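Protein chains in written order, with the UniProt record's numbering: chain A, 2 to 426; chain B, 2 to 426; chain C, 22 to 100; chain D, 1 to 439; chain E, 199 to 248.
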Amino acid sequence: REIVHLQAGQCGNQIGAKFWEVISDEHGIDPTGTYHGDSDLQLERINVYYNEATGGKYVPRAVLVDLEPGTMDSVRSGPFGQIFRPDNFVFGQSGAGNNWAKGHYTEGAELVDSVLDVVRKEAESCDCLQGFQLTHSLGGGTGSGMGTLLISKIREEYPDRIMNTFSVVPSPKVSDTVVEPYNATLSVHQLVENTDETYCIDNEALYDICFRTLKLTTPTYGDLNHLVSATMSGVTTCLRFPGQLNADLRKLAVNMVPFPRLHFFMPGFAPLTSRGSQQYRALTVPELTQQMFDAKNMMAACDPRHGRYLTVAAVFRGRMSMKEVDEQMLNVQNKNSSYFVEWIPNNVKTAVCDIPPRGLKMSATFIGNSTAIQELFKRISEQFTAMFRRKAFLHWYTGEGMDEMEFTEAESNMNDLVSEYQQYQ
Amino acid sequence: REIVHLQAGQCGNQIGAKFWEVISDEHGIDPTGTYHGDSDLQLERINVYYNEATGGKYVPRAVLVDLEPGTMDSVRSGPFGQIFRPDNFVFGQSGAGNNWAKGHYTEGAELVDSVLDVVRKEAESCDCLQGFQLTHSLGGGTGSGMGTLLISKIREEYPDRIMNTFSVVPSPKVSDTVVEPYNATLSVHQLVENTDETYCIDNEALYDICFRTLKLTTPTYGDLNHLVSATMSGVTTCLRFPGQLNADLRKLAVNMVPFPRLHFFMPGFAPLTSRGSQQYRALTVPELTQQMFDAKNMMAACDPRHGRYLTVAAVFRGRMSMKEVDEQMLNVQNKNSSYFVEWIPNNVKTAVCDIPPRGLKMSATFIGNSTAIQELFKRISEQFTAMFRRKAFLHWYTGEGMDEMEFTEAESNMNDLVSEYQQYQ
Amino acid sequence: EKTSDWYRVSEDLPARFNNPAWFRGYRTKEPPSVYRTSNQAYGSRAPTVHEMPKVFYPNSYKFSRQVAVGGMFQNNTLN
Amino acid sequence: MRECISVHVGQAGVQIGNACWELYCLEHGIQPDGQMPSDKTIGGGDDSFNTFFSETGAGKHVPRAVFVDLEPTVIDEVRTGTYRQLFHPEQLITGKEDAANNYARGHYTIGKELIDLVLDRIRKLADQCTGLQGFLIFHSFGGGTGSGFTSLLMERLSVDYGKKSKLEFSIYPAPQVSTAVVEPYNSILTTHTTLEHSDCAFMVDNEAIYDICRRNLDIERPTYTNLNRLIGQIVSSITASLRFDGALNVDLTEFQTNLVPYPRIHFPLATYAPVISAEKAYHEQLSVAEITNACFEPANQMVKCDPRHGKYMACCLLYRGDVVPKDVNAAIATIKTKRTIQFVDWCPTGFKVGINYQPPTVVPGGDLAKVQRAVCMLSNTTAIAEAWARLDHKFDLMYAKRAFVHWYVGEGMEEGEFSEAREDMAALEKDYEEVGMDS
Amino acid sequence: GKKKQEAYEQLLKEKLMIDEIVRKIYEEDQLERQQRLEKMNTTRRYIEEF
Ligand SMILES: Nc1nc2c(ncn2[C@@H]2O[C@H](COP(=O)(O)OP(=O)(O)OP(=O)(O)O)[C@@H](O)[C@H]2O)c(=O)[nH]1
Ligand SMILES: Nc1nc2c(ncn2[C@@H]2O[C@H](COP(=O)(O)OP(=O)(O)O)[C@@H](O)[C@H]2O)c(=O)[nH]1
Ligand SMILES: Nc1nc2c(ncn2[C@@H]2O[C@H](COP(=O)(O)OP(=O)(O)O)[C@@H](O)[C@H]2O)c(=O)[nH]1
Ligand SMILES: [Mg+2]
């Protein structure tokens, strides 16, 4: 089993970088390429996210892609930087002024041809290919746009591998770009098109998580990005470490996504305690379920207590008993009866790996398709509606080769989904 | 078995000046001519490319032809240029002028007799000669004009001996000689019925592979001569070293020339890294086979993706099994079979040699007969006829004994040459 | 360096098979070199005690050769 | 006495041979270069060398082989290698220029330069032998000297020794995996020799022995060495009776009249049985039963072809080692009891057997494990027309557009011959299909 | 086998025999460079004295 990682965009690339460290340490590769680790349960599956390099060296399977050249230098000049291969750092010249357009019809194009060539070598090399993977935002031509292109093109050359975009949905309060509403709407259509499990994360929630559970006094994008790194490291765990109830990326999808169109899920790490309560707490399978469901954790800003929980998953890591997991999972499915659709309740999917996260008796990740995501695709649609009506900052998107109908087809797809969700509440 | 080396022109002399460096880098000959004892399989077949001298010293069988002593003031003053024998240094007093007519008709006869005398004297000192070989320039006049005068002269008294040439072909994008399409369409008119095999060397192909792949900051003509000499030493490796499936220069042409007017080929050297990417790459067979199809490391500047391969041969140097040589090559037959001719499931020669060059555990070089040569030929014919229609640069040829019937017959079989590629596409 | 100590001897195999140290015509362990042809792997290492066949059943025509000379018994005699 | 000149023509042969003569020396005690490392003058009544090694007059035990190849590169490697002092300088004939993949440069132009020396050596190597059972030609059924010179020699070996025998262990142009592009051609024209001046062609395709190393053995990424040692053990098992003793031994003449039926269908197969690598053996019981059942198993045939597409005409089973006669008969029963393995309507008994006594020789530094049992099942099958089909089809995808045909015609071979060849195989093709039809 | 060795030292004896006279060519070639330069200057000093 193997999985490529196409970090496109700044949000994406910087997220990809931190993730590669949280994937290295766990496996044991050092900030160069040598295995200076411990057990064999750390090199028995370095074939998945990693490759091989003459002389006990391990290059990450990645196709770093972004326009503004600066991004790549930052990654290289970062920590685990030289690990990435030089001929996979495919970057561009002129940047895309946060225009979903430029990165899909203008700049992206010239590079997209090349990006797919580097991505080809990576995939063509390995025989099996569980699925691809992409890390992007949803509010700039780099990640939101160029990506949707590097997902469409990829899905049409490889239409059987599990795609998985850990996108960062646009935010409600903590905004940053005024063309963000547009950037996102014109994008969700392409994700709702062909993406197996688009895990949606929201800067807002991640922030609160760092201001109540991590009690951090000042969360810098470093920390905020680390939390998402844990989720990117807790879905592919059953693919690179032993387990008592294995569950790879594909399985998770089949036993999660109900109809082939609800592929927007929310994340959640488990033992995320402040440094002043790790002493007062007792990691026990139970205590790893309250800090697992409690709205706060869910990193998407869509309190599931509003809508219903379509299908819930829990890829618990660590060394726990499954009678305990199974029970402390049923207690939930039962007790909270409304949320889990009462008429057709989705017995939460549970999986248990053994190799835990470096320094943490037990751990777990959470994926829960919830009929509440609506209050996220919806807000981005009210923001589109407003600006679109009085054709707002459209003289830039139209001035790229895009027409106007495209925007209406976009708004249609989004509200089409909003109903496709409400029709299960 | 042996092959003599003969070169005419400035570009021929400059290429062979470092060709004799790279062929003595393998045999272990210092720039005087003595052996440096490294293996018995390093001089057991040195007869092929070297001649014995008065004990210890090994003289090359090289004859150097030009109309000026300018490029011969540097081939002798080079770091490895004292090795040549001075009676083979045949030069004229007056230069040509980058023209075919003055180099083939008026001052050709004053030097072709002296060159034909010394190439016969070396040929009579042989046990068994497989053939001759030439390096020259098509755009110029000393390498193209008198160079193809020696093509026609040698074929007269050596008909049954295989004779290949390594000629640089005129540039697609940026010209060097103002009258270079006149010289090529006269030279290509003569080499197509005489040479058993020929190799196209595009200068922008050398610049594309030096910028994108090997990544020299300031390329010079030394590194270009390194790459053309490596693939020219690599094709002929099985003559002088043992191998478990060998291929001399004569087995190549019977394998790649299906029609007597169809012998224009495409060379390439497989392992080419930068100073950074050397480390992040495991040097084995599957990484080398499917990478040769990648057009970025191709040495043609006219990709086969707008053409069709006809027959391709790769000779492999080093200790490798050919199970994975055949298994990865059939993997790059069935995955992309449209660009190959569909009536042959396996149109590939695979040849092996057990002696690799120094510094590389295994190496490879390939020769390709494709359709995209006609894209070079169609473009150079319209480049020729754009200035031939207006009688532009033509009186400099008619002043040296050149009428128009030979030019209208040089474009005639060039037009028959572009006609004999469309039906095989 | 003796096959009677390590294997079980067959008591009829020739004493050439008893110790393989006499096979002195093989290579003298010159590994690592780059210029080492894959065809030099033919008999690259000397056979040891762990190779020698357990039994050996040769076809002695010594009885056959001493009789097959000339012709067989023919009755040219006067009975 | 029972002797057999071993001819190796072409690089392919010289290589399979350099592998055959090590499994021939190490089988006996012949040292790398003759001089049998003797000691205690106690006699041993060998006489088992008189099947492949001829004693000179000073303990050099010289081989009765004749390596021959135009290109002087594969035959010079033997003339300066660990076996430099085994062959007589003359018995390793060489040339100067190769046949560069061309049946013409093998049976027309060059060839003639050596078909007089090679024959003379085979002659002077025939008058010193006291029982020339038959020659064991080893040629590539798909290359220059392989097909070119073999034609010349095989023809010049029936216009003289005629009444004799010529068993041929040829490499078969593989289905897909192919190195030579002028290969399809260089084969439909070499059937103009095997279908006439031969006796039994144990064709062995590279592709098959390029996967049996992956499934059975674990050797992934196998080279020619490995291939040669396996295509060098079959010849041993087939030529053991002529030396080592046992029970129901089988000479070459007899191994033919118990196999090849009508005077043409004589192209069998070959399947060594205990080919499991050491790692495995430890966990299995290679017994007469499994060794024989795992002989008629699709994924074990040395030529890429389904055995379940053709009735097996005859089957010569050559066992070696501890093979209690009873156990062999048992297997043959079970084999006919199975239904997947179908036989013909013109060979009730069909299968023939034979038990030598010597164990399998374990070439030092090898992949095949040290088993106390082994069975080489030469198998004649009507399905061989499958590996024959592909070739003819590919031939007609090229000779239909006069492809790579000048090079051959130039060296001497009127295009008329190519056609005369295509139909030659049409006959043998119809033949196999025909010999399958029943009253 | 010893005759092959003895023929090898004949070439090695002959190896230094050419290297003896190749030095003599360079030693001779340097002499005319001084012979030209001496004739360069003795014509100088006498061209100015006149
Ligand atoms: N199985 C096996 N086949 C081999 C081996 N060596 C060579 N071959 C076969 O030989 C073919 C290559 O052409 P050859 O028959 O060797 O050509 P050649 O004998 O050198 O004759 P010329 O090239 O004309 O001089 C390949 O298709 C292989 O099938 C080997 O070691 N094992
Ligand atoms: N959660 C999170 N958000 C980020 C990260 N890096 C950047 N962002 C935010 O994501 C938003 C989108 O940025 P992006 O679209 O990548 O900018 P662009 O590449 O120039 O178009 C910005 O407003 C950033 O504040 C990160 O590592 N984690
Ligand atoms: N690869 C390589 N090409 C060269 C070199 N010198 C000249 N050329 C090529 O030769 C072409 C011009 O040839 P020219 O000098 O007119 O040949 P001449 O008439 O025989 O002297 C140019 O397009 C150059 O690219 C060299 O050292 N290496
Ligand atoms: Mg050959």
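All C-beta atoms, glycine included, are put in the ideal place defined by N, C-alpha and C.
**Q.** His-264/B burial status per 10 Å Cβ neighbour count (16 or more: buried)
**A.** buried
Q: Whole angstroms is fine: what's the gap from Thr-186/A's alpha carbon to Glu-412/A's?
A: 7 Å
Q) Where DSSP assigns a beta bridge to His-266/D, which residues make up the other side? A) None, per the DSSP bridge assignment.
Q.
Between which residues of its own chain and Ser-170/D is the CB-CB distance below 7 Å, once the five residues before and five after are set aside?
A. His-139, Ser-140, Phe-141, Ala-201, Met-203
Q.
Below 7 Å, is the gap between the Cβ of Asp-98/D and the nearest heavy atom of ligand 4?
A. For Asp-98/D, the Cβ falls inside the 7 Å cut-off from some heavy atom of ligand 4.
Q: With hydrogens ignored, establish whether the beta-carbon of residue 444/B is closer than 7 Å to any heavy atom of ligand 3.
A: Limits of chain B in this structure are 2 at one end and 426 at the other, which puts residue 444/B out of reach.
**Q.** Minimum Cβ-Cβ distance from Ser-38/D to chain C less than 8 Å
**A.** yes
Q: State yes or no: is the beta carbon of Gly-436/D nearer than 8 Å to at least one beta carbon in chain C?
A: no
Q.
Counting only Cβ pairs nearer than 9 Å, list the residues of chain B close to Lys-58/A.
A. What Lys-58/A touches in chain B, judged by beta-carbon distance under 9 Å, is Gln-280, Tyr-281, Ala-283, going in chain order.
**Q.** Nearest residue (CA-CA) to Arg-46/A, options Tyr-200/A, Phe-260/A, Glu-421/A, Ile-24/A
**A.** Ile-24/A
Q. Relative to ligand 3, is the shortest distance from any of its heavy atoms to the C-beta of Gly-10/D smaller than 7 Å?
A. no
Q. Do you know how far the Cα of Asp-417/B is from the Cα of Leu-311/B?
A. 18 Å
Q: Note down, in chain order, every chain E residue with its Cβ under 8 Å from the Cβ of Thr-55/B.
A: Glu-212, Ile-216
Q. Fully enclosed by the region 62 to 92 of chain B, which alpha helix (DSSP H) runs are 4 residues long or longer?
A. 73 to 76
Q.
Please classify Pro-80/B as buried or exposed, where buried requires at least 16 neighbouring CB atoms within 10 angstroms.
A. exposed
**Q.** Alpha-carbon spacing of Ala-174/D relative to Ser-187/D, whole angstroms
**A.** Here the alpha carbon of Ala-174/D sits roughly 11 Å from the alpha carbon of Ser-187/D.
Q. Looking at the unbroken beta strand (DSSP E) that takes in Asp-203/B, where does it start and where does it end?
A. Where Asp-203/B is concerned, the enclosing beta strand (DSSP E) stretches over 198 to 203.
Q: Starting from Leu-397/D, find everything on chain B with Cβ-Cβ shorter than 8 Å and list it in chain order.
A: Residues of chain B passing the Cβ test: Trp-344, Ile-345.
Q. When you check each C-beta in the region 42 to 74 of chain C against every C-beta of chain B, which residues fall closer than 9 Å?
A. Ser-54, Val-55, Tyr-56, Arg-57, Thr-58, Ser-59, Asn-60, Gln-61
Q | Distance cut-off 7 Å: residue 452/A Cβ against heavy atoms of ligand 2 | A | The structure shown does not extend to residue 452/A, since chain A spans only 2 to 426, so no value can be given for it.
(Q) Looking at chain B, is there any beta carbon in it that lies within less than 8 Å of the beta carbon of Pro-87/A? (A) yes
Q: Quick one: grab the DSSP three-state call for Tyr-36/B.
A: strand
Q: Might you give, ordered along the chain, the residues of its own chain that have their beta carbon closer than 6 Å to the beta carbon of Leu-192/A, omitting 5 neighbours on each side?
A: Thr-199
Q. Counting contacts by CB-CB distance shorter than 8 Å, is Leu-229/E in contact with chain B?
A. no
Q: List the residues of chain D that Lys-174/B touches, going by C-beta distances under 8 Å, in chain order.
A: The contacting residues do not exist; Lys-174/B stays about 34 Å from chain D at best.
Q. Are any of the Cβ atoms in chain D nearer than 8 Å to that of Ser-81/C?
A. So yes, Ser-81/C belongs to the interface.
Q) What in chain D is Cβ-close to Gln-245/B, meaning under 9 Å? A) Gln-11, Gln-15, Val-74, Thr-223, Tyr-224, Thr-225
Q) Using a threshold of 7 Å, is the CB atom of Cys-12/B nearer than that to any non-hydrogen atom of ligand 3? A) yes
(Q) Please identify, using Cβ separations under 8 Å, the residues of the region 290 to 309 of chain B that lie next to chain A, in order along the chain. (A) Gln-291, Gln-292, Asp-295, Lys-297
Q. Mind checking whether the beta-carbon of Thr-179/D lies closer than 7 Å to any heavy atom of ligand 1?
A. yes
**Q.** For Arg-306/B and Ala-296/B, believed in contact at Cβ under 8 Å, the rounded distance
**A.** Contact flag correct, Cβ pair sits at about 7 Å.
Q. Comparing alpha-carbon positions, which option in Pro-261/D, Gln-11/D, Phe-149/D lies nearest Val-353/B?
A. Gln-11/D
Q) Using Cβ-Cβ distances below 8 Å, what residues of the region 264 to 278 of chain B are close to chain A? A) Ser-275, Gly-277, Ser-278
**Q.** Closest residue to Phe-351/D among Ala-180/D, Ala-330/D, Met-36/D (Cα-Cα distance)
**A.** Of the listed residues, the one whose Cα sits closest to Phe-351/D is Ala-330/D.
Q | Where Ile-219/D falls: helix, strand or coil (DSSP) | A | coil
Q: Go ahead and label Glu-328/A buried or exposed: buried means 16 or more other beta carbons lie within 10 angstroms of its beta carbon, across all protein chains shown.
A: By the beta-carbon neighbour count (other beta carbons within 10 angstroms, threshold 16), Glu-328/A is exposed.
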